[PDB]
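input_10.tsv (TSV, C-alpha atoms and all ligand atoms) appears below.
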chain	number	residue	atom	x	y	z
R	7	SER	CA	15.60	41.51	-10.13
R	8	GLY	CA	18.88	39.53	-9.75
R	9	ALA	CA	20.46	36.09	-9.22
R	10	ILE	CA	23.48	34.29	-7.66
R	11	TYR	CA	25.45	31.95	-10.00
R	12	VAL	CA	27.50	29.39	-8.04
R	13	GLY	CA	28.86	26.19	-9.62
R	14	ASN	CA	26.00	24.51	-11.46
R	15	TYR	CA	23.30	26.44	-9.49
R	16	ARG	CA	21.17	29.57	-10.00
R	17	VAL	CA	19.78	31.18	-6.81
R	18	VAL	CA	16.79	33.50	-7.29
R	19	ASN	CA	13.92	35.00	-5.19
R	20	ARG	CA	11.13	32.27	-5.36
R	21	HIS	CA	8.54	34.94	-6.35
R	22	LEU	CA	10.70	35.86	-9.41
R	23	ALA	CA	11.45	32.25	-10.61
R	24	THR	CA	10.81	31.59	-14.35
R	25	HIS	CA	9.34	28.45	-16.03
R	26	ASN	CA	12.89	27.24	-16.74
R	27	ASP	CA	13.78	27.55	-12.99
R	28	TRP	CA	10.75	25.44	-11.91
R	29	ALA	CA	11.33	22.79	-14.65
R	30	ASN	CA	15.03	22.64	-13.54
R	31	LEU	CA	14.27	22.86	-9.79
R	32	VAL	CA	16.82	21.71	-7.21
R	33	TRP	CA	15.32	23.15	-4.01
R	34	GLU	CA	12.82	25.87	-2.98
R	35	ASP	CA	11.40	27.17	0.34
R	36	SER	CA	8.37	29.53	0.28
R	37	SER	CA	9.06	30.57	3.90
R	38	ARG	CA	12.58	31.73	2.90
R	39	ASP	CA	11.47	33.21	-0.55
R	40	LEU	CA	14.30	31.19	-2.21
R	41	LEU	CA	14.53	28.91	-5.25
R	42	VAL	CA	17.60	27.14	-6.63
R	43	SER	CA	17.70	25.65	-10.13
R	44	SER	CA	20.36	23.76	-12.11
R	45	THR	CA	22.46	25.42	-14.84
R	46	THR	CA	24.39	24.00	-17.81
R	47	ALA	CA	27.34	26.42	-17.42
R	48	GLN	CA	29.41	27.12	-14.31
R	49	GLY	CA	28.92	30.30	-12.29
R	50	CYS	CA	31.68	32.35	-10.65
R	51	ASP	CA	30.05	33.72	-7.48
R	52	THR	CA	31.59	32.63	-4.20
R	53	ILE	CA	29.16	32.08	-1.26
R	54	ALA	CA	30.39	33.58	2.04
R	55	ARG	CA	30.77	31.05	4.89
R	56	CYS	CA	30.92	33.40	7.88
R	57	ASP	CA	28.89	35.23	10.56
R	58	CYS	CA	29.62	38.83	9.24
R	59	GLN	CA	27.05	41.48	10.17
R	60	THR	CA	28.46	44.28	7.87
R	61	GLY	CA	28.49	44.33	4.05
R	62	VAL	CA	27.36	46.21	0.93
R	63	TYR	CA	24.12	45.75	-1.06
R	64	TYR	CA	22.98	46.84	-4.51
R	65	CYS	CA	19.86	49.08	-4.64
R	66	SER	CA	18.45	49.19	-8.27
R	67	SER	CA	15.88	51.94	-7.40
R	68	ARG	CA	18.91	54.19	-6.60
R	69	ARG	CA	21.59	52.58	-8.94
R	70	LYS	CA	23.74	52.60	-5.77
R	71	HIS	CA	25.68	50.13	-3.58
R	72	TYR	CA	25.25	50.92	0.12
R	73	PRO	CA	27.37	49.85	3.11
R	74	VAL	CA	25.09	48.40	5.81
R	75	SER	CA	25.02	46.70	9.21
R	76	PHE	CA	22.45	43.80	9.30
R	77	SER	CA	20.94	41.49	11.91
R	78	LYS	CA	21.76	37.73	11.98
R	79	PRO	CA	19.31	35.42	10.05
R	80	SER	CA	15.97	35.24	11.94
R	81	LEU	CA	12.19	34.35	11.76
R	82	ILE	CA	10.57	37.79	11.12
R	83	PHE	CA	6.95	38.83	10.53
R	84	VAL	CA	6.65	40.31	7.01
R	85	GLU	CA	3.52	42.22	5.93
R	86	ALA	CA	1.33	41.22	2.95
R	87	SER	CA	2.73	41.99	-0.52
R	88	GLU	CA	1.71	41.37	-4.18
R	89	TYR	CA	3.57	37.94	-3.96
R	90	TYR	CA	2.83	36.65	-0.41
R	91	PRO	CA	0.11	37.08	2.29
R	92	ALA	CA	1.22	38.46	5.74
R	93	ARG	CA	3.46	35.74	7.23
R	94	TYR	CA	6.69	34.80	9.05
R	95	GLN	CA	9.70	34.63	6.74
R	96	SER	CA	12.66	32.55	8.05
R	97	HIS	CA	16.52	33.11	7.61
R	98	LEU	CA	15.84	36.85	7.08
R	99	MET	CA	18.39	39.61	7.96
R	100	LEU	CA	17.31	43.30	8.35
R	101	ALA	CA	19.23	46.55	7.65
R	102	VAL	CA	18.30	50.23	7.71
R	103	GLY	CA	18.27	51.23	4.07
R	104	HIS	CA	16.27	52.11	0.95
R	105	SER	CA	14.37	49.39	-0.88
R	106	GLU	CA	11.39	49.02	-3.24
R	107	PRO	CA	9.67	45.77	-4.41
R	108	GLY	CA	11.68	45.61	-7.71
R	109	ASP	CA	14.95	45.77	-5.69
R	110	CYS	CA	14.53	41.99	-4.85
R	111	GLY	CA	17.53	39.99	-6.12
R	112	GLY	CA	20.10	42.72	-5.37
R	113	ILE	CA	23.14	41.06	-3.83
R	114	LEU	CA	24.44	41.65	-0.29
R	115	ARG	CA	28.18	40.85	-0.02
R	116	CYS	CA	30.76	40.77	2.79
R	117	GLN	CA	34.62	40.31	2.54
R	118	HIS	CA	33.97	36.52	2.30
R	119	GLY	CA	31.59	36.63	-0.70
R	120	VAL	CA	27.83	36.57	-1.32
R	121	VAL	CA	25.73	36.69	1.90
R	122	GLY	CA	22.23	36.94	0.39
R	123	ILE	CA	19.74	38.72	-1.89
R	124	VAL	CA	17.13	41.55	-1.25
R	125	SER	CA	13.81	39.83	-0.44
R	126	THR	CA	11.75	42.21	1.81
R	127	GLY	CA	11.67	45.94	2.77
R	128	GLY	CA	9.87	49.22	2.92
R	129	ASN	CA	9.52	52.02	5.48
R	130	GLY	CA	13.27	52.69	5.59
R	131	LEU	CA	14.30	49.04	6.01
R	132	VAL	CA	15.66	46.32	3.67
R	133	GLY	CA	15.52	42.57	4.33
R	134	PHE	CA	17.89	39.95	2.80
R	135	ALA	CA	17.33	36.20	2.48
R	136	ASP	CA	20.51	34.47	3.86
R	137	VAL	CA	22.25	31.83	1.62
R	138	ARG	CA	25.44	31.22	3.83
R	139	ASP	CA	23.80	28.18	5.51
R	140	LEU	CA	23.21	26.36	2.11
R	141	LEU	CA	26.56	24.48	2.24
R	142	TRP	CA	25.55	22.19	-0.66
R	143	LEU	CA	25.77	25.22	-3.03
R	144	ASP	CA	29.63	24.70	-2.96
R	145	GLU	CA	29.58	21.07	-4.18
R	146	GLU	CA	28.14	18.46	-6.66
R	201	LIG	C1	3.13	46.61	1.58
R	201	LIG	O1	4.41	46.11	1.19
R	201	LIG	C2	4.38	45.55	-0.10
R	201	LIG	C3	5.76	45.53	-0.73
R	201	LIG	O2	5.90	45.06	-1.85
R	201	LIG	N1	6.79	45.97	0.05
R	201	LIG	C4	8.17	45.71	-0.27
R	201	LIG	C5	9.11	46.73	-0.37
R	201	LIG	CL1	8.61	48.38	-0.18
R	201	LIG	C6	10.44	46.47	-0.64
R	201	LIG	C7	10.89	45.18	-0.85
R	201	LIG	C8	12.33	44.91	-1.19
R	201	LIG	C9	9.96	44.14	-0.77
R	201	LIG	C10	8.63	44.40	-0.46
R	201	LIG	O3	7.68	43.40	-0.32
R	201	LIG	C11	7.96	42.13	-0.83
R	201	LIG	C12	7.97	41.89	-2.20
R	201	LIG	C13	8.26	40.62	-2.65
R	201	LIG	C14	8.52	39.60	-1.75
R	201	LIG	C15	8.47	39.83	-0.39
R	201	LIG	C16	8.69	38.72	0.61
R	201	LIG	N2	9.78	37.97	0.46
R	201	LIG	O4	7.86	38.53	1.51
R	201	LIG	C17	8.20	41.11	0.08
R	202	ZN	ZN	31.77	37.38	5.87
Can you present the structure in this file as structure tokens?
Amino acid sequence: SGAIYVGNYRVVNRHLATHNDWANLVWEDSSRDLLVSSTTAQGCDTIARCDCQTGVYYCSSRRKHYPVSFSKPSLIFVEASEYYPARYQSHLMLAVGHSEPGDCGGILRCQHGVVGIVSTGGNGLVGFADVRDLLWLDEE
């Protein structure tokens, strides 16, 4: 579990969105596993605006923050899970690292701020849904 709080927005994994998130929906994309909803109070997270390929992510199944190298956002085939059938997930970055289903929502951060959240993984890998291209998160 986990979320990004930026301005008047809440960024969560789409498969973990609550009834409040859907009722207060701003934007969602099933192929990216992302959902953004409106908030009453302001958040303090800063979204990175960069092309960094090194950062640190939080792994709840280990209670640890790991330094990782990751690929640039891409269209990647992701196997069937409890939440989605086997499909191509877009804007996805991969790193070699530990991850379990309940690790989704763990933040990946670089020196510039939040890069994304844990969205896919298994077999020694971890995948993160990029949020650095969502420029509108920084305004209105
Ligand atoms: C057979 O793999 C099922 C599974 O739950 N693997 C998995 C494992 Cl180990 C680890 C993680 C972090 C995610 C994982 O899968 C999911 C779960 C929720 C959503 C998505 C998606 N966005 O397509 C992918
Ligand atoms: Zn950066």
_Using Å and a single decimal, report how far atom CA of residue R:126 sits from atom CA of residue R:106._
8.5 Å
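The residue that comes closest to ligand ZN 202 (chain R), out of R:107, R:73, R:119, R:112 and on the basis of all atoms listed in the file, is R:119.
Residue nearest ligand LIG 201 (chain R), chosen from R:79, R:38, R:120, R:113 and counting all atoms listed in the file: R:38.
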_With distances taken over all atoms listed in the file, which residue among R:14, R:117, R:37, R:66 lies nearest residue R:135?_
R:37
*Fewer than 4 positions away in the same chain doesn't count, so skip those; otherwise give me all residues within 12 Å of residue R:71, counting all atoms listed in the file, as number ranges by chain.*
R: 61-67, 103-105, 109, 112-115
*asked:* List as a ChimeraX atom specification the protein and nucleic acid residues near residue R:139, meaning an atom at most 10 Å away when only C-alpha atoms are counted, but skip any in the same chain fewer than 6 places from it.
replied: /R:53-56,79,97,121
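Shortest atom-to-atom contact with residue R:51 among R:86, R:12, R:98, R:32: R:12, counting only C-alpha atoms.
Among R:96, R:43, R:7, R:125, the residue with the shortest atom-to-atom distance to ligand LIG 201 (chain R), counting only C-alpha atoms and all ligand atoms, is R:125.
The smallest atom-to-atom distance between ligand ZN 202 (chain R) and any of R:58, R:111, R:70, R:136, using all atoms listed in the file, is found for R:58.
Residues in contact with ligand LIG 201 (chain R) comprise residues 21, 39, 84, 85, 86, 87, 88, 89, 90, 95, 105, 106, 107, 108, 109, 110, 124, 125, 126, 127, 128, 129, 132 and 133 of chain R, where contact means an atom-to-atom distance of at most 7 Å counting only C-alpha atoms and all ligand atoms.
You will find atom CA of residue R:140 at 21.5 Å from atom CA of residue R:26.
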*Can you tell me how far atom CA of residue R:34 sits from atom CA of residue R:17, in Å to one decimal?*
9.6 Å
*Quick one: residues within 9 Å of residue R:15, only C-alpha atoms counted, chain neighbours fewer than 5 positions away excluded, as a ChimeraX atom specification?*
/R:10,32,42-49,143
File for stretch 38-52 of chain R (N, CA and C atoms), as a tab-separated table (two decimals), in the first residue's frame:
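Now in part-v3.tsv:
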chain	number	residue	atom	x	y	z
R	38	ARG	N	-1.68	1.89	-17.18
R	38	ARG	CA	-0.56	2.39	-16.38
R	38	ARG	C	-0.67	1.95	-14.89
R	39	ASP	N	-1.86	1.38	-14.48
R	39	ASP	CA	-2.21	1.03	-13.10
R	39	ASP	C	-2.13	2.29	-12.21
R	40	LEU	N	-2.62	3.45	-12.71
R	40	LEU	CA	-2.61	4.68	-11.92
R	40	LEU	C	-4.01	5.27	-11.83
R	41	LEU	N	-4.25	5.97	-10.70
R	41	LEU	CA	-5.47	6.71	-10.43
R	41	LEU	C	-5.09	7.94	-9.64
R	42	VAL	N	-5.69	9.09	-10.01
R	42	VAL	CA	-5.43	10.34	-9.30
R	42	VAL	C	-6.79	10.87	-8.87
R	43	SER	N	-6.91	11.24	-7.60
R	43	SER	CA	-8.15	11.82	-7.08
R	43	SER	C	-7.85	13.16	-6.41
R	44	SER	N	-8.91	13.97	-6.23
R	44	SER	CA	-8.75	15.29	-5.61
R	44	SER	C	-8.70	15.19	-4.09
R	45	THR	N	-8.04	16.13	-3.43
R	45	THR	CA	-7.99	16.15	-1.97
R	45	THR	C	-8.41	17.52	-1.48
R	46	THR	N	-8.90	17.60	-0.24
R	46	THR	CA	-9.28	18.89	0.35
R	46	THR	C	-8.06	19.63	0.85
R	47	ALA	N	-7.08	18.90	1.44
R	47	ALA	CA	-5.88	19.50	1.99
R	47	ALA	C	-4.67	19.32	1.07
R	48	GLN	N	-3.72	20.25	1.16
R	48	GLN	CA	-2.55	20.22	0.31
R	48	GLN	C	-1.52	19.18	0.75
R	49	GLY	N	-0.93	18.50	-0.22
R	49	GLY	CA	0.14	17.55	0.03
R	49	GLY	C	1.50	18.21	-0.07
R	50	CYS	N	2.55	17.51	0.41
R	50	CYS	CA	3.89	18.09	0.41
R	50	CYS	C	4.92	17.37	-0.43
R	51	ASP	N	4.51	16.31	-1.16
R	51	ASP	CA	5.44	15.59	-2.00
R	51	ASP	C	5.78	16.47	-3.21
R	52	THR	N	7.02	16.37	-3.64
R	52	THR	CA	7.49	17.04	-4.84
R	52	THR	C	7.71	15.96	-5.93
